[PDB]
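Taken together, the values in this text are just the output of simple stated rules run on the coordinates, not laboratory data. Positions of Cβ are backbone-derived with ideal geometry, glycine not excepted, and every protein chain shown enters the neighbour counts.
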Amino acid sequence: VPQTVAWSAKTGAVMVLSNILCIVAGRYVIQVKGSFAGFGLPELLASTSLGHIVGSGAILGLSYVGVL
Amino acid sequence: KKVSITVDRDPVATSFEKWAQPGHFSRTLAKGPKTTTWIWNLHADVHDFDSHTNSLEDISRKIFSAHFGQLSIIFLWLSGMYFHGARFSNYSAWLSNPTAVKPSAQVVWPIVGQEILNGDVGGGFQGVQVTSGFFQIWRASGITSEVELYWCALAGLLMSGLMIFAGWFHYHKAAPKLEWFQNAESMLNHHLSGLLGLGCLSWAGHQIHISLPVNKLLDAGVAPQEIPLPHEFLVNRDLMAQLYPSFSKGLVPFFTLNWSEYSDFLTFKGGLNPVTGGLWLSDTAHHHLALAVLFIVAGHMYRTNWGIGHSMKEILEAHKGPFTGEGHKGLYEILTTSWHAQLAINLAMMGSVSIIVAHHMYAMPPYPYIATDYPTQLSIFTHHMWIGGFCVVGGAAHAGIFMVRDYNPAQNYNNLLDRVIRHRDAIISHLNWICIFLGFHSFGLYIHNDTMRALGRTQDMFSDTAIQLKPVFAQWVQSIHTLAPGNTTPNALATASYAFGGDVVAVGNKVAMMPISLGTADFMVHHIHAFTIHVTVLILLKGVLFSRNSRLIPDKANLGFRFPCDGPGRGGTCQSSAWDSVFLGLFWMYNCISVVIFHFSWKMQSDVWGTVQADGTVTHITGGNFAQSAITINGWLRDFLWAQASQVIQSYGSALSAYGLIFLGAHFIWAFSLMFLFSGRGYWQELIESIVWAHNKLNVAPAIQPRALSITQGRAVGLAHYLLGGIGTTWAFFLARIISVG
Amino acid sequence: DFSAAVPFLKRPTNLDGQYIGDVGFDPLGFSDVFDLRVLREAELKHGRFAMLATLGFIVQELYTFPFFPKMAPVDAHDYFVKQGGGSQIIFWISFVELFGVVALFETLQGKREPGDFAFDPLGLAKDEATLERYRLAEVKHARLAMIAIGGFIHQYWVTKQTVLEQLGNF
Amino acid sequence: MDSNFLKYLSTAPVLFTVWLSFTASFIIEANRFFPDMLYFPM
Amino acid sequence: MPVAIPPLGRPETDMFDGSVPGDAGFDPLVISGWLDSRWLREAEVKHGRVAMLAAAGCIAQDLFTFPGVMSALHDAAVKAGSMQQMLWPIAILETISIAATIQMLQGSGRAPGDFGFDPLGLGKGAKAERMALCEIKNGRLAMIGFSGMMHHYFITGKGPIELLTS
Ligand code: CLA
Ligand code: CLA
Ligand code: CLA
Ligand code: CLA
Ligand code: CLA
Ligand SMILES: CC1=C(C#C\C(C)=C/C=C\C(C)=C\C=C\C=C(C)\C=C\C=C(/C)C#CC2=C(C)C[C@@H](O)CC2(C)C)C(C)(C)C[C@H](O)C1
Ligand SMILES: CC1=C(C#C/C(C)=C/C=C/C(C)=C/C=C/C=C(C)/C=C/C=C(C)/C=C/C2=C(C)CCCC2(C)C)C(C)(C)C[C@H](O)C1
Ligand SMILES: CC1=C(C/C=C(\C)CCC[C@H](C)CCC[C@H](C)CCCC(C)C)C(=O)c2ccccc2C1=O
């Protein structure tokens, strides 16, 4: 079984970083919707959902490979 | 908003008036009968909604409500199966002794001596042995009593009533508009995330919370009557945590991404459960949970009222290259306007999925005690193979129906469909050539081996003790998949299935699963399968691509999808429609699936299924005869057809005698089918003229003038009775043989 | 505008007060899809069954016929399945229910009220107003007895006691 | 009884199914109460 | 027109017209612009009333207990079957509220949070608006207080007034 870790500040740091990267990426790449004008609740929900998805994937991969 | 709910209220009044007027849906048929042809036309075109009206909205509403009616019928069938399992079955005795009690959920009344069909199935019970596999499903679901089966039947009856009420409401009271039906993006989002995703999530919940503890107690040897009720497994966390200690940690590891703590009830063990011969239920629980996660993620892809999401029209129009002109442009309009194109695609996919289900379910038995239930395995493989083949041919048929009716060349200029039409001759010629090549270098090997064995030259045959055709690629794939645990799948304890290689999993001195080696005969029969599938593709694709016109008939689209001919001219234009191509492709599908199930039955009976005895040797049902006999047609004729039909023809005076009766009856009806298939309409019409004279002599001629069945109806009736006869013959032969020897 | 009984629910459009006892209570919208004549026939039949059932639960434990053995009514159902009296009662109820089918078919044509079986041999309703009053009383007692019969049977199922002995202690 | 429902019940397939089931029920009950009638008994 | 936070301004939605009681101009995520107004108002008032009843229940149980013997009370009453005996009337009343909320979303005359219930008669006339304001503020205060005291129970296993006096 791949090793997973209990919740810590590193896990929070990766998850927060993944959320902030996904918010900026959703700000830049979404075609149909000063820089944060038009930023709505569905776009925030979609970006933060991708942030949780990316953070979960990154946390599991780094816990597998030992970076923790 | 763009995706919204639009409904018309009370569009059709609920009345019994049109119930008394047969043919009300068709302006031609509403005038009433004059000939007997009218009756057949009334029952043949009734659910062909697009030929009665040009309004797409009414057609879509009819389709939606007919789908509700089918769902009601399916729920009634499921409720019936649960009730007949509850009241007329030996399910508790099977739960106590799975390896010695034959499942049986049908009991006959004693009327004319048919009570002999209530055979001794064990457990102090008499009834007809059932092979649908419901007992193993209920054991996998954790059903330990017949009271739960009664409640399941009540739930099925309530859902059938709910579906039929929903059909009446959603046609007759509140019918959705055409704009409601034309939301492909919303339908895919809801059906991917809610139907498949939440369904997988709730079934993973049921498996984790109910199925795993009950099945763990069952495999440990606890009797079903002392096993705790499922709600006690829900509320008593200690009772669960004796069996799976990670439940003592609660939902904190889930939300904190410490998922490996849950590694005891969500596993990736693979292989089979040694006690039951089925898949590990923890593996299935992680599997359906992962499918739930993947489906809910996939269900947020498509654009909706809010700005996020993909547009499928943009995706289709963006994918175009230099070889393909305009590319995938215009397909979104086709699939959002023509129901027949969607029916073609969905029937093709459901057929392929059913075939995948058959293969993957024989090879990896998912249910406890289903692997050693050889009749259940053979029955579900053959049944889902036949359903898959039928659905694939139906996808081709309704593709042809789209091509004849709904295709518009103005909206399809230089797209993929137009270019496929524009090189149809190259497609059909190359496919025809490869089909002849496959026929020669596959069937002539069998003919050649028959001649060589008949000529007394065994060294000139294609066999493993002669000139070899070794299946090196499939054997290499088997070696990779056997080597996959720990090398390319490091977290798997065992292989995905033992059919690729490994140990002999045996349950109750009967082989659950063992390695399935591939030799010269397997090479020849797999290339026979490839040959038959390519020829079926040739027939169906040639019918679809030449449905609108050809060099023979330049105006075939004006004649329609379904016409008998264009006259005796041009040499003869008989069976020129796409419908007749479907008519022939159904025969070739029958041939293909028949050869597939014959290969399956013989190979499992000869190399996989059998009894394990002392010193670990496996005694197979037919003693390993497949390697030396399946290389000739004579070996198939003698060691498979002649040898294994002994059980169905000596079943008279026993409980399986009904299969013998059905065997004879199918033998009758198939031959009766040739009377329609080989003959023509004019002979029967003149004979009907003579019979009409006879009835006129006694002044007993009917007002509705009797006519012979139409040429298309003659072909369809011959095909229907042919398929019924062949499938029933294989059904009786397979079931009698596998119940007797397995 | 709104329902008289539930002030925050709108009045159901088919509940216009033509049936005595109407207080506009139909939150699920059963009267919006189904015929109200059928619903009122079902309501009155269920209610009359429940009234007779509750009176039977009281009297049949107060008194028992000498030509029958003594037992509780719930066990009396299972006993009279096997003795055969329950088959007789089911047969005669079915025989009356055939003409109930005919009466319902007459109701669906609008030629018969959904509760009129024209059964008044003691002439208890002389004029209109008393009959309207007795309809309101019958509907209210019907609903009350429909609740009360389920109370009686479920309380027997939990306590294994008949009503009047549960009244004496707890 | 609605006359349109009765007219639908009077159609050939419904009446055909009902009459053939009724005939089958006669044969079934006759063979249940008087089985094994290979012959007319003398 | 109260503007809660000046940099973001007042959201331009169906809400914050001024007719809704209790508006402070506070919706930074602009959740009002994507979900219906009346649904959110009904949800807020129902959450607030449930939290008022919860806080009053915690206070009253810590003061006094009915003769005859927080989350542990939930578990012990599930073991007693008491929680089912409160689940049934809330379930029926909430199905009737399902009906009412569906009708209200359909465009009936019912205002959100209005159940037509005024036996004392305090609301009739000019009082009702002010009472609505009082209700929504007390509701929000109840959702803050209950959410505090429960985590307080999680840390100490002790009741809030009993924590206060100790
Ligand atoms: C910090 C970043 C990070 C890191 C280091 C990793 C690292 C890893 N991830 Mg991971 N992941 C990340 C981010 C990251 N991921 C993100 C952001 C997500 C999105 C949520 C995921 C989602 C994810 C999933 C869902 C899975 C992993 C898995 C894995 C492990 C796989 C090891 C391997 O050999 O692959 C396997 C390599 C293969 C070649 C296997 C083949 C995989 C399939 C069968 C191929 C299918 C191809 C298909 C047929 C299409 C081909 C046809 C084509 C022509 C079109 C690896 C340690 C896997 C895991 O946990 O395993 C224990 C796993 O299942 N990752
Ligand atoms: C997430 C919401 C959702 C769900 C679950 C479904 C589910 C379904 N749709 Mg569907 N649909 C949806 C949204 C949804 N739809 C939307 C938004 C649209 C408009 C764009 C459509 C338009 C649409 C059409 C046009 C058609 C369907 C059809 C179907 C059925 C496919 C047959 C099947 O597999 O039945 C088996 C699967 C089951 C789950 C069986 C149970 C059936 C009931 C209805 C499920 C009810 C679940 C309920 C919501 C939750 C209760 C569960 C639990 C809490 C008690 C299936 C029941 C087809 C059909 O057959 O229609 C009748 C069809 O032709 N849908
Ligand atoms: C998803 C399933 C599905 C759906 C919804 C449809 C829907 C439709 N098809 Mg299609 N089709 C399907 C699957 C489907 N088909 C499959 C799988 C095949 C391959 C066999 C076909 C082959 C096909 C052809 C060749 C044609 C259609 C036609 C039609 C249309 C009218 C059908 C009609 O009125 O029949 C009314 C219903 C009947 C006639 C009842 C048929 C009864 C069958 C033949 C006998 C059943 C035997 C039974 C199972 C066993 C009894 C044995 C016992 C006595 C011992 C309609 C749009 C026709 C059309 O006009 O299209 C425009 C047409 O020409 N389809
Ligand atoms: C067992 C009987 C039988 C046989 C042998 C064939 C053979 C053939 N059918 Mg046919 N068919 C049959 C029954 C049969 N059919 C029936 C019952 C139906 C009912 C619906 C159909 C419906 C049908 C359709 C609808 C189609 C075919 C097609 C074909 C051809 C496929 C190409 C191929 O495989 O070449 C290989 C040839 C063989 C396997 C024949 C045997 C030859 C072997 C190798 C021995 C050769 C010996 C040698 C020549 C002898 C020389 C001696 C010298 C004195 C002459 C082929 C000619 C398809 C076609 O023509 O497209 C290409 C096509 O579209 N058939
Ligand atoms: C107390 C309940 C009650 C009430 C108020 C009514 C009221 C009514 N019924 Mg009704 N009915 C009831 C119960 C009731 N019914 C039951 C249980 C049945 C099933 C047997 C029926 C069957 C029935 C039919 C079939 C018909 C009516 C009709 C009527 C209407 C005519 C007025 C009339 O004569 O009733 C006045 C009734 C009373 C004043 C009740 C008197 C009760 C006395 C006190 C005797 C009590 C029984 C006694 C205690 C048992 C002795 C046993 C011993 C051991 C103690 C009126 C609206 C008719 C109608 O609608 O057409 C106009 C009609 O056709 N009813
Ligand atoms: C409308 C209407 C009617 C009505 C009505 C009703 C039932 C009226 C009102 C009912 C209620 C329950 C009102 C409650 C208001 C305010 C509260 C509870 C304040 C603070 C609470 C909390 C969270 C706290 C706290 C705290 C404490 C002490 C301890 C620590 O934790 C800390 C903290 C400081 C946080 C009736 C039926 C009369 C009829 C009328 O015709 C119409
Ligand atoms: C199976 C079986 C048998 C049996 C049996 C029989 C005869 C079973 C009968 C069962 C019955 C009649 C059950 C009734 C339940 C009524 C309920 C829950 C009412 C709820 C009312 C509510 C919530 C009201 C709410 C309300 C209130 C407060 C007031 C305002 C309105 C409203 C909001 C509606 C036997 C005995 C024959 C024996 C056999 O061997 C086995
Ligand atoms: C036999 C035959 C017929 C004759 C079939 C007749 C015309 C139709 C038979 C249908 C009967 C009447 C219904 C089913 C028969 C039942 C067993 C008994 C009849 C019940 C009556 C009360 C109707 C064709 O019309 C035909 C057409 C084209 C190619 C081949 C053939 C063909 O082989």
Quiz item: In the stretch B:133-173, how does Rg compare with the Kirkwood Rh, expressed as the Rg/Rh ratio over alpha carbon atoms?
Solution: 1.22
Exercise. Write down the Kirkwood hydrodynamic radius of the stretch B:238-391, to one decimal in angstroms, obtained as one divided by the mean of 1/r over all alpha carbon pairs.
Key: 20.1
Quiz prompt | Residue-averaged 222 nm ellipticity for chain D, from DSSP H runs of 4+ at -39500 (n - 2.57), nearest 500 | solution = -22500 deg cm²/dmol
Quiz item: Running Debye on chain D with equal point scatterers at the Cα sites and no solvent, what base-10 log of I(q)/I(0) appears at q = 0.14, 0.27, 0.32 Å⁻¹?
Solution: -0.51, -0.89, -1.00
Quiz item: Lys/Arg Cβ at +1, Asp/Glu Cβ at -1, dipole of the protein assembly as shown taken about the Cα centre: which of C:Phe117, B:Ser132, B:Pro706 is farthest positive-ward?
Solution: B:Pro706
Quiz item: When you take every Cα atom in the stretch B:146-229, what is the radius of gyration, and what is Dmax, the widest Cα pair distance, in Å?
Solution: 19.4, 58
Self-check item: CD proxy at 222 nm, helix term only [per DSSP H run n ≥ 4: -39500 (n - 2.57); per residue of chain C; nearest 500]
Solution: -20500 deg cm²/dmol
Quiz item: From the phi of every residue in the stretch B:536-553, what ³J(HN,Hα) in whole Hz does the Karplus formula 6.51 cos²θ - 1.76 cosθ + 1.60 yield, where θ is phi - 60° and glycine or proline is x?
Solution: 4, 4, 4, 5, 5, 6, 5, x, 6, 6, 9, 6, 8, 6, 7, 5, 6, 10
Quiz item: Near B:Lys470, which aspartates and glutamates are there with a Cα under 12 Å away, not counting those fewer than 8 places off in the same chain?
Solution: B:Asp522
Quiz item: Can you list the residues, at least 5 places off or on another chain, whose amide H is less than 5 Å from the amide H of B:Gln129, using H built in the peptide plane?
Solution: B:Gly119
Quiz item: Taking the Cα centre of each part, how many Å lie between the stretch E:23-60 and the stretch B:340-387?
Solution: 51
Quiz prompt | Translational diffusion of the stretch B:700-742, µm² s⁻¹ [Kirkwood Rh, Cα pairs; Stokes-Einstein; 20 °C; 1.002 mPa s] | solution = 161
Quiz item: Excluding same-chain residues fewer than 8 positions from B:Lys62, which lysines have a Cα within less than 20 Å of its Cα?
Solution: B:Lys18, B:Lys173, B:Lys177
Exercise. Report P(r) for the stretch E:61-143: all Cα-Cα distances, bin width 5 Å, range 0 to the bin holding the largest distance, values in whole percent.
Key: 3, 10, 12, 14, 18, 17, 13, 9, 4, 1
Quiz item: B:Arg237 to E:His152: FRET efficiency via 1/(1 + (r/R0)^6), r the Cβ-Cβ distance, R0 22 Å, to the nearest 0.05?
Solution: 0.35
Quiz item: Based on the inverse mean of 1/r over its pairs of different Cα atoms, what is the Kirkwood hydrodynamic radius of the stretch B:596-662, in Å?
Solution: 13.2
Self-check item: the stretch B:209-319: relative contact order as a whole-number percent, Cα under 8 Å and 6+ apart
Solution: 15
Practice problem: Residues in the stretch C:53-75, backbone N under 20 Å from the label point at C:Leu144 (7 Å along the Cα-to-beta-carbon vector): list them, ranges by number please. | Solution: C:53-60
Practice problem: For the protein assembly as shown, build the convex hull from the C-alpha positions and give me its volume per residue in Å³. | Solution: 306
Practice problem: On a 0 to 90° scale, report how tilted helix C:85-108 is relative to the longest principal axis of chain C, with both axes built from alpha carbons and the result rounded to the nearest 10. | Solution: 10
Exercise. Just round it to a whole percent: the fraction of Cα-Cα distances in the stretch B:113-182 exceeding 21 Å.
Key: 57
Quiz prompt | Diffusion coefficient, µm² s⁻¹, Stokes-Einstein with Kirkwood Rh over alpha-carbon pairs of the stretch C:43-103 at 37 °C and 0.692 mPa s | solution = 250
Quiz item: How far is helix D:12-33 tilted, in degrees, relative to the longest principal axis of the Cα atoms in chain D, given as a value from 0 to 90 rounded to the nearest 10?
Solution: 20
Exercise. Mind giving me the nanometre distance, one decimal, between the label points for D:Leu9 and B:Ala466, set 7 Å out from Cα along Cα→Cβ?
Key: 7.1
Quiz prompt | Estimated FRET transfer efficiency when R0 is 41 angstrom, pair B:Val147-D:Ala24 (beta carbons, to 0.05) | solution = 0.70
Quiz item: Could you state the per residue volume, in Å³, of the convex hull enclosing the Cα atoms of the stretch B:529-576?
Solution: 85
Quiz item: Using Cα pairs under 8 angstrom and six or more residues apart, how large is the relative contact order of the stretch B:35-194, in percent?
Solution: 30
Practice problem: Would you mind ranking B:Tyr367, B:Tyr652 by Cβ crowding within 10 Å, fewest neighbours first? | Solution: B:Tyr652, B:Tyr367
Self-check item: Per residue, the convex hull volume that the Cα atoms of chain B enclose (Å³)
Solution: 234
Practice problem: List every residue whose amide H lies under 5 Å from the amide H of C:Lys10, counting only residues 5 or more places away in sequence or on a different chain, with H placed 1.01 Å from N in the peptide plane. | Solution: C:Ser3
Quiz prompt | Residues whose placed amide H lies under 5 Å from that of B:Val507, excluding near-sequence neighbours | solution = B:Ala512
Quiz item: Measuring from centroid to centroid over Cα atoms, what is the spacing of the stretch B:22-45 and the stretch B:90-118 in Å?
Solution: 46
Quiz item: Dividing the Cα radius of gyration by the Kirkwood radius, what Rg/Rh value follows for the stretch C:36-149?
Solution: 1.02
Practice problem: Express in whole angstrom the spacing between the alpha-carbon centres of the stretch B:180-240 and the stretch E:64-132. | Solution: 32
Quiz prompt | Around E:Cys134: net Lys/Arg minus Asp/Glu count, Cβ-Cβ under 13 Å | solution = +3
Self-check item: Set of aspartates and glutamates with alpha-carbon distance to E:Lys79 below 17 Å, sequence-local pairs under 8 removed
Solution: B:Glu232, B:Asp238
Quiz item: What 222 nm value per residue comes from the helices of chain E, counting each DSSP H run with n ≥ 4 as -39,500 (n - 2.57) and dividing by all residues, nearest 500 deg cm²/dmol?
Solution: -20000 deg cm²/dmol
Quiz item: So what J values fall out for the stretch B:686-692 if you push phi through Karplus, 6.51 cos²θ - 1.76 cosθ + 1.60 with θ = phi - 60°, rounded to Hz, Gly and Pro as x?
Solution: 6, 5, 5, 4, 5, 5, 5
Self-check item: Length-normalised contact order for chain B - Cα pairs under 8 Å, 6+ apart - percent
Solution: 12
Quiz item: HN-Hα J couplings of the stretch B:195-205 from phi, Karplus 6.51/-1.76/1.60, θ = phi - 60°, integer Hz, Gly and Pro as x?
Solution: 6, 7, x, 5, x, 4, 5, 5, 6, 5, x
Quiz prompt | Restricting the stretch C:89-131 to chymotrypsin sites (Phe, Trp or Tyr not before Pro) in coil, as DSSP defines it, with at most 10 other Cβ within 10 Å | solution = C:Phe119
